[PDB]
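Undergrad: what's the 3D shape of this:
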Amino acid sequence: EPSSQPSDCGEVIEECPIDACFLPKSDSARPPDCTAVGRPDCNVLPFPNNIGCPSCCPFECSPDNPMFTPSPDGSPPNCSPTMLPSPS
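TA: Residues are numbered from 1 along each chain as shown. There you are, the coordinates:
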């Protein structure tokens, strides 16, 4: 299906988020992470969307699931856009 995924750096590397989650996640705070509201059933990465989920995102995904701070410029993006100086 995808002939090109590792092209950004780590935004596109088997990463479950993407707009497939619901928008580019770190957009400006997309819908919550399911368990995060009380959907532990949605903690399952492959989305059931047929049992628990009221339209949030799942969990697990990759080694160490914590992710925080949205905004398109919320943090030093790294993987080249941070290499160049743009402090403030």
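Undergrad: Count the neighbours of residue 74 for me.
TA: 13 (other CB atoms under 10 Å). Where you see a C-beta, it was placed from the backbone N, CA and C, and this is true even at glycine.
Undergrad: Run through the residues that contact it.
TA: residue 26 (CB atoms under 8 Å, 6 or more residues apart in numbering).
Undergrad: I'd like to know how far it sits from residue 54.
TA: Noted for residue 74: a distance of 26 Å to residue 54, by CB to CB, to the nearest Å.
Undergrad: What separation is there between the residue nearest the centre of the chain and residue 86?
TA: Nearest to the centroid of the C-alpha atoms of the chain, with distances taken as CA atoms, centre = their mean, sits residue 17, at 3.2 Å. To residue 86, residue 17 is 24 Å away according to CB to CB.
Undergrad: Could you do residue 16 as well?
TA: Distance of residue 16 to residue 86, given as CB to CB: 29 Å.
Undergrad: Using the three-state scheme, assign residue 35.
TA: At residue 35 the chain is in helix, as set by DSSP: H, G, I helix; E, B strand; the rest coil.
Undergrad: typo on my end, it should be residue 19
TA: Residue 19 - assigned by three-state DSSP - is helix.
Undergrad: And residue 16 and residue 86? Which one has more around it.
TA: A direct count of neighbours by other CB under 10 Å for residue 16 and residue 86 places residue 16 higher, at 16 against 10.
Undergrad: Thought residue 45 was touching the more buried one, still the case?
TA: Yes - between residue 16 and residue 45 there is a contact under CB atoms under 8 Å: 5.9 Å.
Undergrad: Cheers, nothing more for now.
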